[PDB]
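Trainee: Residue numbers (this note's numbering), protein chains in the order written: chain A, 860 to 1073; chain B, 243 to 459; chain C, 9 to 674; chain D, -13 to 34; chain E, 2 to 90; chain F, 13 to 219; chain G, 4 to 211.
Each residue gets a CB set at the ideal place from its N, CA and C atoms; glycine is no exception.
If you scroll down you'll find the structure; I have some questions about it.
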Amino acid sequence: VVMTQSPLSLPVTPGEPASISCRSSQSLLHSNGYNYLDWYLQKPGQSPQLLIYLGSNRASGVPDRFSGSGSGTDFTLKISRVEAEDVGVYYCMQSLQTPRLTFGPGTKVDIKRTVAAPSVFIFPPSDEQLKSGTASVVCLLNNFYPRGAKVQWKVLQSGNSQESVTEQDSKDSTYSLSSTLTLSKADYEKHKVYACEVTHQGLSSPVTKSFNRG
Amino acid sequence: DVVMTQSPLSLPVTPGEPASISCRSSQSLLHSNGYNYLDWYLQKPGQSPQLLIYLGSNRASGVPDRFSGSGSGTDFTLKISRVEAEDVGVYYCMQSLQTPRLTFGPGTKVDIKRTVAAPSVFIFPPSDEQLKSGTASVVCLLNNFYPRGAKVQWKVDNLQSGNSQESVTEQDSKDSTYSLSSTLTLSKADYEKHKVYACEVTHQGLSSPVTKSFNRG
Amino acid sequence: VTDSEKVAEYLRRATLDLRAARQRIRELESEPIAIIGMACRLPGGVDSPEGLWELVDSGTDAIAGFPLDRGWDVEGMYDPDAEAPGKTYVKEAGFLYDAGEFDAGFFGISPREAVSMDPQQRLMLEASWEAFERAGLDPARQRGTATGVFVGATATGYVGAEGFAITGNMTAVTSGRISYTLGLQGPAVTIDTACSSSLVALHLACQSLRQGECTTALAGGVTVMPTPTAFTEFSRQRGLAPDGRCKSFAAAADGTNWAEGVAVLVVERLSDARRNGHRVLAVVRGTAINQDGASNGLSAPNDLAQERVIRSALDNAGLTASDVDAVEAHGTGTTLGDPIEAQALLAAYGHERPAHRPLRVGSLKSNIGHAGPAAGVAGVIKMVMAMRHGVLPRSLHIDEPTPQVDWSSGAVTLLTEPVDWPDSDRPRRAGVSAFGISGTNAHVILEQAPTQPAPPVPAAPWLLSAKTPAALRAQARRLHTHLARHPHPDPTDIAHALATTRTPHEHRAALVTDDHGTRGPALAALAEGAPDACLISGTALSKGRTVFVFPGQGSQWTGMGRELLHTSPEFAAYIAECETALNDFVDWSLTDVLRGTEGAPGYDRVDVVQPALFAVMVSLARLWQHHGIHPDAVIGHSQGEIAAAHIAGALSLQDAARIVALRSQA
Amino acid sequence: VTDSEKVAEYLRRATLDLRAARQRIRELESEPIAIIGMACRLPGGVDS
Amino acid sequence: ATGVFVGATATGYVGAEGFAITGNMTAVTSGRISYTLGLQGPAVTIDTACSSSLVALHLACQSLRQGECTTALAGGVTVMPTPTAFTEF
Amino acid sequence: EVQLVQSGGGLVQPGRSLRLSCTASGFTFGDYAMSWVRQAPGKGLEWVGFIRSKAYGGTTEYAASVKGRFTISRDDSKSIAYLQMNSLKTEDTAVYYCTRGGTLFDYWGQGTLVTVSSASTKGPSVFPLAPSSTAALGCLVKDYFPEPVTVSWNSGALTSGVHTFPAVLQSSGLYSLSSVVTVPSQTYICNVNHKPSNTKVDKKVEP
Amino acid sequence: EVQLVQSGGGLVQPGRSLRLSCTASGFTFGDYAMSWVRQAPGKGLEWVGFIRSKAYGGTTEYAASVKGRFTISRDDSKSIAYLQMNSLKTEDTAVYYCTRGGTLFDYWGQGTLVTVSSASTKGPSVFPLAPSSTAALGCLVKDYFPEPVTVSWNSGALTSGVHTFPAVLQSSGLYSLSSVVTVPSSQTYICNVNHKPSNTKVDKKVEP
C-alpha cells in the first residue's frame, strides 16, 4: 500500500517563498504520464478546498501563488507570497490507489516570529472542588513559540492528563497551553509532591515546577 | 451496430455571414462520462487537417475564436461567426465512441456563395492525329457555372458508363465558379459506328436538360 | 474505483477550469463597458442629456452671436476680408453664455479662488457632479473610491490669491481637481489630442476599467474660448464657414465653426454595473485609435487611416459592418474633410449589407458646431439618447448630399429627415467618430443596454436636502416639475432613490403621507416655502450625541401600539419578548391589554399601567435601535429608569420585568 | 482501445489548452516590457 | 503600428501664418513625430504635471499589452521659452 | 455558481439513527459523484464514503469503519445527497462535509457538526485558581455537557492577557474548559455564561 | 513548439517495401500514441493505423485493408516513428499523415506523398482541340507517367481565361489532362507543355 509523508510543521513569514514538500512510498506516476496526486488546504475553521490536482495543474479560483511541482515519488507545493489567510493545514493526498482511508497528518502552517520561551504557572487544586470530592491540578504555559512543548506530571502519571492549545494569537502570534491532571479525593491524599516538567525548543532545560500540599 | 454520421453534403457561405454545419448520429454519443465523443476537424484546400473542436464543445487552443461546437446526444452543430475566404475547405465531424474509425466520412464542402449561373456548355470533336494514332476522345466541358454538381451524360446513341472521366477545377479566385470537363474515349474503331454522339447536361441554373449534338463520325 | 471514472473526473475539472480561463481572457481582452451615467452642457441652452435630445430632435440650430460680457470688442473685430490680423469674418458660433456661472460655495471654493480659476475646471466639476448624481451614485460617498478621471482638454489661456492662480490654470489640474474635490483615488489624466481628445480619453478609460485599475471612470471633455483667438487667427486660411454653420456632408459645405461645451460619462464595467444594480444606458462594445501618419500635410485627413480605425473598432467590438445601424460621423463641414470621411464610411461600413438597411450618417456638429475636444464624447450622448428613444435625429443644413463623394452604392445615406429606429431581431447599435486635426483618429461602437419586486412600504418618506434654503426650494420645485411629466411613478421607488442615491446636505426637509394626493401640493408648498401639514423642515447639526428619554407616568392612551402590532413585525416580536418575560409575575397577557380585548384590565389600574408602559417604551426604543439610531446615553423618570436600565444593559429583560411588575404591585 | 486510456488523450489536450490559456492571461495582464531604445537631452551638456 | 505617448504641457512660445497653428498646439507634440516618421499607432499627448511622462510610459505599456502597438515611444519634453515659471512659483 | 448546503446535524443519543442532507445548486447534479468526508475534533479528515453518478449505476462505497452502519443515497429529481447513519457510536462525533467528486473533492460544503454522547444537559461547576505566590490566575469550568460556554472577566472589562482555552472531553463524557488571565504581577472576577442551562455562575479569584 | 516532420515518400514499384519516417520535436514523444492516416487522391481521409506508448507496452493496431502488410514501430531514444509498408499495392498510392494521439489527432504532420505504379517515365502526347470553327479552344496532354507537367499558353503571354484541369489516372496507369482557354471569336495560340522528368518541351499550335 502506498504511503505519503510531509514535514509536520513549517513556520512562515508573510512575504518569503514557502515550500511544503512530501514524498511517497511508491512511484505515483501513472502509466498515462500523470502524477495521481492532489493538494488540499483547510483554513482554520473553514471547510477544506482544492489547491492543486494531478501534481501541478492549479484549480480555477485558487490564487496564482500556489504551484505544484515534482514527479515520481517526490512532490512539492511552492507558495510565492504568504499571508495570514494562507495559514492552515495542507494535505498532499494521493489518488493512484483507492480507497483513501484518511488524508494524513497534514502540514500545519503558522506565522513565524522569534523563539519565545514559556512562562510556567503551576496552580493548586482549589478547595471548592476538594469539598466537591475531586482534585484537578492545572499547569499553564503562556506566550511561547514554537508549539508542541510537552508536559509531564510526576506524582509519572500518563493516563489521566488532558492538554489543550489555543490557536495562534492575532497580536503577538504566540501559543498557550493548559494541561490538567484529575484525581479522586482518596487518590488526592496519597502523595505529597506533584511536579510538572515542561520541555520546549525555546527552553535550555526542563524547567520543572513543584507543588507540595498533598 | 456500427455508428454512422450524416451532415449536409454542401453549404455555401458569404464573407461575413454566420454559418452552421450540422451532424446527426444514429446512436446517442453521450457516454456514461457525460461527454459527447465527437470531434470536428477542418481540411483546407492543399493543406493538412487540423483539429477544430473536441468533446463536442471544447475548442482546441490556437483555433480562432469564431468556431463553436454545440449540441448533444445525437444532434450536433458547428457554428462559425465570421466566414472568411480561408475558412473554405472540408469540415469532418467524426465520432470516437466506437473505435476504430474506418473513414472520416464524406465531409462537408464549403465554398463562397454567389448568384446561380448556368453553364456555358461546349463540345469539341476528336483530333485527326489522335484517330490515326489509334484512339478517339470526344471532350465536352462546362465553363463558369455555380454551384458544383451539374451532372453530365454521353448519349452515344438513341446512355454510357464506364468509359468517362470527369474533372472539376477548384473555385475561381475572382469569379468564384467551377468548370467541368468530361473526356469520353472508346477506340479508333468504335468512333466510326454511329454519326450521333450527343452530350447532355443538367444543372439547377438550367430550366431543362441542355443537349449539344455532334452529327458526325 | 475504475480508472475510467477516476480520469473522467479530472477531465471534468480540467475542462471547467479551461472554460473559466477562456471566459477570463474574453473579459480581459474586450469586455462591454456600461455607460451608467452621462452629463453635458452644450450650446443652445442645453444642460442635460434630455436637453440635448430635445435640441437635436426638434432640429434646432444652436448657432448664435458672440458673447458680449467677456470683454470682447465684438463690434471692432469683424471685417469681410479673409486676410487681416485680429479680425474674423464669422458672426455667429456655438457658445456657453453661462460659462462663467459657477456655484463656488457648493464645492468649498472661495470667490477669489473661483475668479482666478479656469472655466474649464468649473464646468468639469459641475458636469462630473451631475454625471455621478445621474448614475444613481451619491458623489459624496465616492470619496476614497478607486475612480479614474480621464479628461480631454486644452490650454485656452484664461489669464492674496497668488497660490490659486497657479493650480487654477494648469491643464493637468483640469482632471486632478475633479479627483481632489470628490476625493477620488483612481488615476487622473488630462488627455490633449485636439478634436479627438475626449473620445480618445474614453478609450483609455475602457482600458483602465478592463485591467482592474478602476471600478468606475469619468470619460469626457471640455472646451471654452475665453478669448476670440480661435476665430481671428484660424480664419486667415478661410478655415471657418462664412455664415458659421457646419454644413456636414452637404454641397454647401464651405468650412467649419467652433463651439464651446462640456460632456462627461460615468462608465463602469457591464458585469460590475449589473452586480451593483445600476441603470445601464448604453454599452461601449469596442474602441480603437490610430494615426493618419503620412498624409498630404500635417492637418489633412487620410481615408485609409479612417477605414483602418473603423475596422479595428469593429473587430475589437466583435461586430460586423452590417451590425451597425447608424454612425455619428465627425462631419467638420470642411470642403476637403467631408468627402474623405464619406469615402472612409462607404469603404468601411457600406460595403456588405442589405440594400434596404443603409447606414444612417448624422453629425451633431450641424446642430451645435464643432464643439472641439468635448465633441466626440458629446456625440455618443446624442447617440445614446436617440438609442433610448429609437429615433435617429436629422442632420441640419443638408440641401442635398455633396457631389464630391459618390452615393451610387446606396449603402450609406444621410439623415436628411428623422428616421424611426427599428427594435427587432437585434439590439440597436451605432458608431461615433472623432477624427482629430493632429491626425489621431478615434472610433467607438455603442450597443443598446441589455434588458434586465418588493411590496410598497406605507407612507414612505420623501427626503430633500440642500446646502442653502434657496437651493432646497429649487430642489423641491425641480422634483415637482420632474414628477409632473411622469405617468404615475411608484412613490416607494422615489423615496428610496431620494434617501439612498442623494447626498444629505445641511438644510433638510421631508414629506411623510400615506396617500398620493397630498405629496404634490406638499412639494409645491415647500417650493414657495409655505408650511404644510405633512411637510417637515430643519437644519441638521454637524455634531451631537443622541439621548433616549424614558418618561414615567403620563404617556398612556387606549389602543397605543395596537396598529404597530399588525403593521410592524419587529415591534410585535419585541412585544412578544416582553410578554414572555413578564408572564412570570403578572396575571394577564400584555398583548390582550394592548389590543384591548374583552376581559383584559384597563389602564386605570395602577398595577398594569407601569408594566404596559415599560414594555411599550422598551419595544419602541429597540425599534429605534433597529432603524440604526443607536443611543449614546439614556435617562429615566421614576419608573422609566427601569426601562432605561434595560436599554443600558444594566438589567436583563427578566430582571427589569420583575422590578417593574413587583414595584407596581407594591 | 479502452475508455480508460481514451480519456487520457482528451485530458492531455485539455490541460495543454488550459496551460496555454493561463499563459495568455499572464501575458495579457503582466507581460514585461523591454526598453530597447533610449534618448535624452538634459542640462549640463548631456545629449545621450 | 507604432504608438507615440508624450508627456508635454502648453508652454507659451509664440509671413508663414499657415504653420503657427499646428506649430504651437500641444496635441501636435506627439502627432508631429507620427507625421514625420510616418508612424500609424496612436499619438497621445499626456499632461499630468511632473509625472506626465512616467504616466505616459504606463499607458504605453498598456498599449503594448493589449496588442494595439508593436512598439511605442514613451517620453516627455520640457522647455521654457519665457521665464514665467520663475516669476509665478 | 456552484453551491452545496448541508443540514440535519444536531445532538443525538448513541445507538440511534440520523440523516444528513446535502442540497446542491448551480451545476448538473446527476453528472457528478457525491462524497461524504468526516473530521473528528482535532484529528485529520477521514473519508466516510461516496456514491457514483446514476449514469455509472449509482452504486455506493463506504469505509471499513462505517460499513453497514452507514448508507448513502441521492435524489436526482431535487438534487440532494442523503447520508443515513444507523447505530451511531461515540467515535462518530465529528464535522461531516459533503463534497463533489468521488476521487477529486473540488468543492466542499460548509460542514455539519454531528455530536453523539449519552450525557444529559448539565450546568457548569466553576472553581477558582489561586494566584502563585508574573502573576497568572484563572477559573476552571467543570462538568458541563453542551456547548457553547463563555467566560468574561470582570464582565468583559478584562481583555488583555485572557486565554479561554478550547473545551476538552473527559472520560465521563463531559466537557471542561478553563479560562485564565495574566495580571501585572483590585479583585478579579470571572462570569460564566452558559446559555443551554441559563446558568449565571460568577466567582472571584484571590489567594 | 510542436513539430512533426515526415520523410521517406516518393515513387515505388508495386510489391516493394517502404519506410516512412516521422520525426517529432517540441514535446515528450514517449507519452503520445502515434497514428498514421492516409488520403487517396480524391477520397476522404482513411485511418491506416496507430501505436500506443511505451507505458502501455507499445502495442500496435492496424486497419483491415493493411493488416499484416504494414507495421508501425517507434523509438523514444531518437523520438521517431516508423511505418514499414511491405508488398505495396496500386491502391495504396496516397498522401500519408503522421499525427500524435491514438483517438484525438490534435496535431498533424505536413504529409508525404507515396505513389505505387509500375509504369516508367514517358513524355506527353499533346493534341489540339478545334473550337468548332466566346470560343473555347485548348490542347490535351496525354500519356505521361511521372508528375508534374506545366502548360503555358503563348509562352505565358496569354493567362486570362485559362483553365488547366487536374490530371487524372488513366486505366493504363498514365496521366492525362486538358488545358483550355476562352477567347473572342477571331492570333494563333500556341501551348507549350514542359515535363521535367522526360525533359520534353513539346509545343503545339492550336487552330481551327
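1. Assuming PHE934(A) and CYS881(A) make a contact with CB atoms under 8 angstroms, what is their CB distance in whole Å?
2. If the criterion is Cβ atoms closer than 8 angstroms, does the pair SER209(F) and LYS134(F) meet it?
3. Specify, as a first and last residue, the run of the beta strand (DSSP E) that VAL184(G) falls within.
4. Against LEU(-3)(D), what residues of chain C qualify as contacts under a CB-to-CB distance less than 8 angstroms, listed in chain order?
5. Please check if any C-beta of chain E sits within less than 8 angstroms of the C-beta of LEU4(D).
6. For chain G, is any of its Cβ atoms less than 8 angstroms away from the one on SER423(B)?
7. DSSP state of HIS378(C), grouped into three classes?
8. Give a yes or no on whether 8 angstroms exceeds the smallest Cβ distance from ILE19(D) to chain E.
9. Taking DSSP's pairing of strands, which residues face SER978(A) in a bridge?
10. Does the Cβ-Cβ distance between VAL144(G) and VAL129(G) come in under 8 angstroms?
11. Can you check whether the C-beta of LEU28(D) is within less than 8 angstroms of a C-beta belonging to chain E?
12. Just to check my reading of the structure: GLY194(C) and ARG151(C) have Cβ atoms closer than 8 angstroms, yes? What is that Cβ distance to the nearest angstrom?
13. Quick test of your reading: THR425(B) and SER181(G), contact by CB under 8 angstroms. State the CB separation rounded to the nearest angstrom.
14. With 8 angstroms as the limit, tell me which residues of the stretch 288 to 305 of chain B have their beta carbon closer than that to any beta carbon of chain G; keep them in chain order.
15. Give the secondary structure of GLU109(C) by DSSP, where H, G and I count as helix, E and B as strand, and everything else as coil.
16. Using a Cβ-Cβ cut-off of less than 8 angstroms, list which residues of the stretch 97 to 116 of chain G approach chain A; keep chain order.
17. Cβ closer than 9 angstroms: which chain D residues qualify as neighbours of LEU65(E)?
18. Compare the C-beta of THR10(C) against all C-beta atoms of chain D and say whether one is closer than 8 angstroms.
19. Hey, how far is the Cα of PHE114(C) from the Cα of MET393(C)?
20. How would you call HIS405(C), buried or exposed, if buried means at least 16 neighbouring beta carbons within 10 angstroms?
21. Excluding the 5 residues flanking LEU60(C) on each side, which residues of the same chain have their C-beta closer than 7 angstroms to its C-beta?
22. For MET97(F), list the residues DSSP reports as bridge partners.
23. Pick helix, strand or coil for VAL626(C), following the three-state DSSP scheme.
24. Can you say whether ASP87(C) is buried or exposed, counting buried as having 16 or more other CB atoms within 10 angstroms of its CB?
25. Please confirm whether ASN195(G) and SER163(G) have their CB atoms less than 8 angstroms apart.
26. Is there a C-beta anywhere in chain F that falls below 8 angstroms from the one on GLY276(B)?
27. Can you tell me where the alpha helix (DSSP H) with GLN988(A) in it begins and where it stops?
28. By Cβ distance below 6 angstroms, which residues in the same chain neighbour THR146(F) in space, the five residues on each side in sequence not counted?
29. Report yes if the C-beta distance between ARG30(C) and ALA6(D) is below 8 angstroms; otherwise report no.
30. Measuring only the C-alpha atoms, how far is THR115(F) from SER338(B)?
31. How would you list, in chain order, the residues of chain E whose beta-carbon sits under 7 angstroms from the beta-carbon of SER307(C)?
32. Taking only beta-carbon positions, decide if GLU371(B) is within less than 8 angstroms of chain G.
33. Going by CA-CA distance only, name the one from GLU17(C), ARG21(C), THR10(C) and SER66(C) that's closest to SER374(C).
34. What are the boundary residues of the alpha helix (DSSP H) that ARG485(C) is part of?
35. Run through the DSSP bridge pairs and tell me what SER868(A) is partnered with.
36. Count the other CB atoms, across all protein chains shown, that sit within 10 Å of the CB of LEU95(F); report buried if there are 16 or more and exposed otherwise.
Mentor: Based on what the coordinates show:
1. 6 angstroms
2. yes
3. 178 to 186
4. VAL15, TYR18, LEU19 and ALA22
5. no
6. yes
7. strand
8. yes
9. According to DSSP, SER978(A) bridges with nothing at all.
10. yes
11. no
12. The Cβ separation is near 12 angstroms, so there is no contact.
13. 7 angstroms
14. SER290, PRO291, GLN292, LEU293, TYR296 and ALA302
15. coil
16. none
17. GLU17 and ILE19
18. yes
19. 29 angstroms
20. buried
21. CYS48, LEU50, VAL54, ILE389, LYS390 and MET393
22. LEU30(F) and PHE82(F)
23. helix
24. exposed
25. no
26. yes
27. 986 to 991
28. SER197
29. no
30. 25 angstroms
31. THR23
32. yes
33. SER66(C)
34. 477 to 492
35. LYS967(A)
36. buried
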